[PDB]
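Single-structure report; data block below.
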Amino acid sequence: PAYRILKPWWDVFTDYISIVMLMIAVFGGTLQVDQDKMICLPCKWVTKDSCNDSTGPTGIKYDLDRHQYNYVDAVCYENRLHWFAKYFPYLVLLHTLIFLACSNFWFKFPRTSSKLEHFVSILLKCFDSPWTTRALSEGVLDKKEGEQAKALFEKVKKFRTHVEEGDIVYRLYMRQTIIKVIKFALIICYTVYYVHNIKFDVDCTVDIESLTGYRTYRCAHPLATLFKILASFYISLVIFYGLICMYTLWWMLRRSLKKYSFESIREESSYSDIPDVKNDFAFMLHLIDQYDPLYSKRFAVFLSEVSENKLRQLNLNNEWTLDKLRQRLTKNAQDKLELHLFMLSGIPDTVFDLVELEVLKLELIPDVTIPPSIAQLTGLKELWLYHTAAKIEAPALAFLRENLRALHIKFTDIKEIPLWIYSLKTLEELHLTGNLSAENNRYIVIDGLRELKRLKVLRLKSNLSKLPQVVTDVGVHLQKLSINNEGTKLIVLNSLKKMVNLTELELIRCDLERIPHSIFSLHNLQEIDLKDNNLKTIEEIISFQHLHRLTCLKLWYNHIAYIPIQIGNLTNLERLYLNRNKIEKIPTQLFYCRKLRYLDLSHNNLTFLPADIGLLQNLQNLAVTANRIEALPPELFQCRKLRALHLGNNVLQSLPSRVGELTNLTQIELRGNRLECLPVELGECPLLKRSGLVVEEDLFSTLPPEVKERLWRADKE
Amino acid sequence: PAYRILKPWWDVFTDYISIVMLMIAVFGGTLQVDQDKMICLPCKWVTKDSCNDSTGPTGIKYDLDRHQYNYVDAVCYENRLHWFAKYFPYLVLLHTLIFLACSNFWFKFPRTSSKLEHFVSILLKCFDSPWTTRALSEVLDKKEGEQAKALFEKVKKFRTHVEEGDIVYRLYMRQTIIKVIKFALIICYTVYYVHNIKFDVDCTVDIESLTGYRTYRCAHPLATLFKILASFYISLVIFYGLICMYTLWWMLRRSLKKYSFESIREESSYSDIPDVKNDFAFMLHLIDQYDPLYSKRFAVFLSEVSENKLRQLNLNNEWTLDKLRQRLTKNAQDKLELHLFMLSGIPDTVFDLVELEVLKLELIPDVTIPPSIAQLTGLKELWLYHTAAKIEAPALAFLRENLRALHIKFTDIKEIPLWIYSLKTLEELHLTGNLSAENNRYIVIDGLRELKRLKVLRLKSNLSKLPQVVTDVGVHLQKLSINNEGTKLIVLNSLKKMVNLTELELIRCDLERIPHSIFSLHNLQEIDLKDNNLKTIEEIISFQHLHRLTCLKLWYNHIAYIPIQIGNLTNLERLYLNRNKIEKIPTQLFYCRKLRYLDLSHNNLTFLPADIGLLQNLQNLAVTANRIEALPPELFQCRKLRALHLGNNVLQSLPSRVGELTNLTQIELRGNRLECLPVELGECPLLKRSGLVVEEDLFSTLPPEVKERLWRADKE
C-alpha cells in the first residue's frame with residue numbers, strides 16, 4: 001500500500017514473478033495430490049531382471065487382481081519414480097516462500113520497518129505540503145499551513161539525526177539481494193540438472209515377486225510431460241527472477257548507495273545549502289529516485305536551512321501582526337513611542353510597516369539583516385542595538401545616515417559593534433556599554449568618530465581606564481560626555497581640557513575620590529554630577545565660581561562628611577543634589593546660595609535643619625528623607641515655593657500648622673516618622689491631594705471627616 | 001479505481017474480452033485436469049498398422065485387464081493425442097495472462113505509473129476546482145483564490161515535469177504493437193491447429209509386449225467440447241484483434257504527441273491556451289477520448305489570460321481599503337495622493353476609496369482602467385507612468401467631467417495612450433518620455449487639434465523643433481514649459497502667432513542667444529532662463545520692449561558682467577543669479593528697488609556692489625563661498641534682509657546693524673570663518689536656530705541662554 005513508493009521496477013517484477021511461480025506451485029500441488037498415479041504393467045518374459053520384449057492378436061493375461069495392480073503402482077511410485085517428479089511442486093512452493101520472505105523481510109523486521117514507515121510518512125506528507133510548491137515556485141500564509149510546515153521541518157530535522165547514523169536498511173537490502181541471487185543460482189543448478197528425470201516411461205524393479213508374481217514392471221507416469229512443461233516454465237521464471245536480481249545487485253554495487261548528492265537539486269533550485277545525505281537515508285532516497293525523482297525533488301526543500309530561514313521570517317511576519325504591535329507600542333522617559341523586540345528571530349515586516357515609531361529596540365535579535373524597508377520608519381530616530389549585530393545594505397544605510405540621530409549600542413564584543421555606525425551623518429547621541437580595553441583595538445575601532453561631526457552625547461559605560469584621544473578630537477563638537485567605569489579610576493591627567501564644548505560631565509561610578517583640575521578648567525559645564533565618585537572632601541568648589549554656566553552640582557553618593565563654608569562662593573547653584581551621603585550637617589553658609597531651587601539631602605546624617613533655609617525663597621523640593629531631624633523649623637515654612645516635601649522616614653515629632661501657608665505643595669511624603677497627628681491646615685493647601693499626601697491610613701483618618709471628604713473630592717473628580 | 005478516466009472504450013472492451021478468455025481458460029483447465037480421458041479399444045483386425053474395421057451378436061472378447069486398458073489409455077493419450085487437444089486451455093490461459101500483462105504494464109511500471117497518478121490527481125483537482133466554472137462563465141473567496149493560484153503553480157510544475165518526454169506514449173504504443181502481434185500469432189496457430197481436436201483418434205504406440213495389440217482406436221470425450229471452446233476462443237481473439245487494430249489506427253491517424261486546444265480556445269473566452277506536446281498531449285487525447293469536458297475545463301489552467309484574471313481578482317481581495325488608506329499620503333498641495341508602485345494590475349479597491357486625489361500608477365502594465373473610478377470623488381490627478389492605458393467609455397464620460405490634470409510618461413508610441421485626446425476638458429497635460437522618435441516627426445500629436453480647453457502644457461520630451469500642431473493648438477494655451485535636457489531647440493521664431501501665453505520657461509537649452517519672437521508677446525509674467533549660460537546680456541536692453549515680465553530667473557549661468565539696463569525695470573522682483581562666474585558687476589544693475597528674492601551663492605565677487613544698498617524690498621541674498629570678508633554699510637542701508645546664504649565663507653566682522661535684523665528668516669552660515677559670535681542671539685523669540693543656522697563652531701562658545709533660544713527654535 002504505502003510502500004509502493006519504496007518498490008522499484010525490479011521489486012514489482014520479482015513480486016509478480018513470485019505470484020506466477022506460486023500459482024505454478026499450487027497447480028502442481030493440486031495435480032500431484034489428486035491425479036498423480038503410476039500405471040504399471042508387468043513384463044511377462046524377463047532375462048536377468050530385464051524385460052525380454054519377446055490368428056488375430058489376443059490380450060496378455062497377467063492373472064493380477066485390481067488390488068495387486070494398485071500395490072504394484074504404490075511400490076514403484078514410492079521406490080523407482082524419481083524424487084524430483086514427486087516433490088517438484090513442493091520444492092517450487094518452498095522456493096517461492098523463501099523468495100517472498102526475502103523480498104518482504106525488511107517490511108516486517110521492526111528495526112527497519114519503523115524507519116521505513118517514518119520515511120514514507122514524512123516524505124508523502126512532505127510531498128503534498130504546500131510549502132514545497134511555494135518554495136519550488138521561487139506574503140501571507142495560513143496559520144494551520146504555517147504550523148504544519150514548521151512541524152514537518154522539525155520532523156525532518158529529527159529524522160535526519162535518527163536515520164543517517166545507521167545503515168541497517170541498506171545492509172538488510174544487500175543481504176536480501178545476495179540471498180536471493182544465491183538461491184536463484186542453487187535453483188537453476190539443481191532444477192536444470194534433475195529436470196531430465198521426469199520421464200513418461202519408467203522401468204521399476206522392486207522385488208515383490210512373493211506378493212504379485214512378477215519382478216519388473218514397465219510403469220507409466222501420466223503427469224510427466226505436464227510436469228516437464230511446468231518445470232520448464234518454472235526454470236524460465238527463475239531465470240527471469242535471477243536476471244532481475246543480478247541487475248539489482250549490479251545497481252547496488254556500481255553506485256555507492258551510502259551517499260546521496262543533491263547537486264542536481266541545489267543547482268536547478270535557488271536553495272544551494274541542501275547537504276549531501278549518507279547511509280540509510282541516502283539509500284531510501286535512491287530508492288525513491290528509482291520510483292520517481294520528483295518526490296525527492298520536493299523532499300530536498302525541507303533539508304535546506306535557507307528554506308528554514310525563509311519560513312521562519314514568513315511565520316514571524318504572521319505571528320507578530322501590525323495590530324498586536326500597535327498595542328506593543330509603549331513610551332519611554334523621553335515620552336517617545338517605542339517597541340521592545342525581545343527574543344525575536346528577526347525584525348517582522350509588520351514592525352517596519354509602522355510609521356509613527358520613534359525608538360526601535362533591537363535587543364538580542366540574532367544577527368538580523370536590516371532590509372531597506374526601514375525607510376518606511378520615517379520617524380525613526382532612536383535605535384538601541386542591545387547585543388544585536390545589525391547587517392545593513394546601501395539604501396537602508398542612506399536612510400539611517402539621513403534620518404537617524406541617536407544610537408545606544410550595547411555590546412560584549414568588538415565584532416558586535418557594527419562598522420557602519422561610524423558612517424552616520426546626523427548621529428548626535430551615542431551610548432556604549434561593554435568593556436573596551438583590548439589588544440590592538442584600544443581606541444582604534446572608534447577612529448571613525450571623526451567622520452561623525454554632529455555627535456553631542458557620548459556615554460561610555462566601557463570600564464575604560466583613560467579617555468581616548470579620538471574622543472578628545474570629537475570633543476570640539478561634543479557637548480555631553482558621561483563616563484561609567486564601575487569603580488575603576490580613570491586616568492585623567494587633565495586630558496579633558498580639549499573638550500571646551502563639554503556641557504554635562506557626568507562621571508558615573510568613576511571612583512575618582514578627587515576632583516581633577518580639568519573639571520573646572522573648561523568653562524562650559526552647567527551640570528556636573530559626580531555620581532559615586534567617592535570624594536571624601538569636597539574642596540575644589542572654590543574654582544567652580546568661574547563656571548558661570550554651572551547651575552547643577554550634584555554631589556551625591558560620596559563620603560563627604562562635612563560641608564566647608566567655602567561653597568557660599570557658588571551663588572549660581574540651583575539643583576544641588578547632595579543626597580545619600582554622610583553629611584553631619586548642612587551649615588548656614590550653605591544657604592548663602594539663594595538661587596538654590598532644587599535641594600536634595602536624602603539619606604544623610606544631618607543633626608537638624610537650620611533656620612537660614614528661610615533665605616532659599618526659590619526652593620521647590622527639599623528632600624531630607626531618612627535623615628535625623630527632630631523638629632521642623634518654622635523658617636522652613638517661611639518659604640512659600642515648596643512643592644515636593646520628601647519628609648518621610650524621619651524623627652519629626654510633629655508637623656507644624658504653618659504648612660497651611662504652603663500653596664505650591666502638590667505632594668509631601670509624610671509616611672513613617674514620629675508624626676503624632678496631621679494638622680487640619682494641610683487641608684488649606686489647594687494643590688495637595690491624596691496621591692500627593694502619602695501617609696499612613698490611621699494618621700490620615702485622624703483628620704476631621706469633612707476635610708477628608710474635600711480632599712477625596714478634589715482627588716477623584 | 002481512479003484510472004477509469006484513462007481507459008477508453010477499446011481498453012474496457014479488451015479488459016472484458018480478457019475476462020471472458022480467462023473464464024474459458026479456467027473452465028477448460030478444470031475440464032482437462034479432471035475429466036479429460038481417452039477411451040481406447042484395441043483393433044482386433046490389424047492390417048498393416050491400420051484398423052481393418054471388419055446367430056445373435058456377441059461382444060468381442062479382448063482378454064485385457066482394466067489396468068491394461070488404463071495403460072493403453074495413458075500411452076495413446078501421451079503419444080498420439082495432439083498437443084493442441086491436451087494444452088489448449090493452458091495456452092489460452094498463457095495468452096490471456098500475456099494480454100493482461102500488456103494491458104496493465106502501463107500502470108505497473110513505476111515511472112509511467114507515477115506520471116499517470118500525478119496527471120490523474122492534477123486533472124481531478126482542476127475538475128473539482130471552482131474557478132474553472134468561473135473560467136467557463138467569463139465572487140471568489142480568499143481561500144478559493146489561494147487554492148486556485150496554488151493549483152495554477154501545480155499545473156505549471158506538472159507540465160514542466162511531464163512535457164519533457166513521451167515515456168507514457170511510447171509505452172502505450174509498444175503495448176499496442178505487442179498485443180496486435182500476439183493476436184496475429186494466436187490467430188494463425190490456433191486456426192491452423194484447431195482441426196486436430198478430433199473425437200476418434202487412431203493410435204499405434206507399439207505396446208504389443210505389454211498388451212498384445214498394436215493399433216487401437218480411441219475416443220476423446222471432451223474433444224468436441226474443446227472444439228466448441230476453441231472456435232469460441234478464436235472468435236474472442238478475432239474481436240480482441242479488431243479492437244486492438246482500431247487502436248493502432250487511432251494511434252497512427254494523427255500525431256498523439258501534439259494536442260491542439262483550437263476548439264477550446266475558440267469557444268471559451270481564453271484564446272491564448274498553448275498547444276501541449278509529448279506525454280501531456282497523449283494523456284489529454286486519452287482524456288478527450290473518455291470525455292471532452294475534462295480537457296475543455298482543464299484548458300483554463302493552461303491559459304495565461306486566466307492566470308492574469310485570477311491575479312487581478314486576488315489583488316482585488318488582497319488590497320483591502322484599510323491597507324490602501326495606510327498608503328495614502330499628502331502631496332505639496334495638501335492633496336491626497338496614492339502611489340501605486342509596481343502593481344501587476346489596478347485594484348478596484350483603489351477606485352473604491354473616494355478620498356483619493358492624485359492617482360500615481362507607475363510602470364503598471366496591462367492597464368484597463370475600470371469605470372468604478374467614477375465612484376471615486378476627489379480624482380483630479382492621474383499620473384500615468386510607462387503605462388499602456390485602455391479606459392472604458394463610461395469611464396471616458398466620467399473623466400471628461402471630473403479629471404482636471406494628467407501626467408503621461410512613456411517610451412515612444414508603445415506606452416502613449418489613445419483615450420487622452422478624447423478627454424477635452426482637462427487643464428494639465430504633462431508628457432514625459434522620448435517623443436523625438438524615428439519616422440514619426442510630430443505626426444502622433446496631430447490629433448491634439450480638437451483640444452480647445454488645454455491651457456497648461458509642459459513639454460519635456462527632447463523635442464528637436466517646435467511642432468506646427470502645437471502652434472495650431474496653443475491659441476487657447478496659458479502655461480507652457482520647455483525642457484530639452486541637453487538639446488539645442490530650433491525655435492525659428494514661430495511664437496509671433498500665439499499671443500495669449502502668460503508663463504514661458506526655458507531650462508538648460510544651451511542657447512546663449514535669446515530669441516526675438518518673445519517681444520511680440522505682451523503677456524509673459526514669469527520667464528525662467530535657468531542654466532542658459534549668458535555672458536553679456538545685451539538682451540535686457542531689448543527686454544525693455546517687454547513690459548510684463550515680473551520675475552527674471554537667470555540662475556546657474558556664467559554671467560561675466562550683467563549689463564546695466566536691467567536697472568530700469570522696477571517691476572522686477574526676483575534676481576536668481578547663484579553659482580555664477582561673476583568677477584565684477586557694476587552698480588546701475590541695482591536701480592530697481594523692489595526685488596525680494598536674490599541668490600548669489602558660490603561666486604568670485606570681492607565686494608557686493610554699493611547700489612544694492614538702493615534695494616529696500618529684499619527677502620533673500622547669498623554670499624556663499626567667495627572672497628567677501630565683511631558686510632558693507634551699503635547693505636546696511638537696506639532694511640529688509642530676511643534670508644541669506646553666507647555659509648562656508650570668509651565673513652569676519654559682524655556689526656550690530658545686521659544682527660539687529662529680527663525678521664532674519666533663513667541665513668546659511670555653517671562653515672563661515674567668523675571670529676566670535678555675539679550675545680545678541682539670546683532673548684528674542686523670533687530669530688533662532690531653525691531660522692538662522694549660524695556657525696556651530698562658535699555656537700559652542702555662545703552663552704547657554706543663546707543656546708536656549710536656538711534649541712527653542714528646534715523645539716518651537
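Note that the numbers count up from 1, one per residue, in the order the chain is shown.
Header lists the method as electron microscopy, 3.2 Å.
Every residue gets a Cβ built from N, Cα and C, even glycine.
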Among B:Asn52, B:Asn462, can you tell me which residue Swiss-Prot lists with the annotation N-linked glycosylation site?
B:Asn52
Candidate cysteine (B:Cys126, B:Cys188, B:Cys203, B:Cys244) that Swiss-Prot pairs with B:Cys76 in a disulfide:
B:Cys203
In terms of Cβ proximity under 8 Å, which residues at least six beyond the ends of the repeat 'LRR 16' (B:662-684) contact it?
619-620, 622, 624, 640-654, 656, 691-696, 698-699, 701-703, 705-706, 708-710
B:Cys76, B:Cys218 as disulfide-bonded residues, winner by CB count within 10 A:
B:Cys76
Same-chain Cβ contacts of the repeat 'LRR 13' (B:594-615) under 8 Å, 6 or more residues past its ends?
555, 570-588, 621-628, 632-638, 645
Given the disulfide-bonded residues B:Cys40, B:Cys43, B:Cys51, B:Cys203, which one is most crowded in terms of C-beta atoms within 10 angstroms?
B:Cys40
Taking the Cα of B:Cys40 (disulfide bond) as the centre, which of the disulfide-bonded residues listed as B:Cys51, B:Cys76, B:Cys203 lie within 10 Å of it?
B:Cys76, B:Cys203
Reduce the DSSP letter at B:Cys43 (disulfide bond) to three states and note it down.
coil
Taking Cα atoms as reference points, rank the disulfide-bonded residues B:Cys43, B:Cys51, B:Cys218 by distance from B:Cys76 (disulfide bond) and give the first.
B:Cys218
For B:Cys51 (disulfide bond) and B:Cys203 (disulfide bond), what Cα-Cα distance in Å is obtained after rounding to a whole number?
10
Should B:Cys76 (disulfide bond) be counted as helix, strand, or coil on the basis of DSSP?
helix
For B:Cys218 (disulfide bond), just give me the three-state DSSP call.
strand
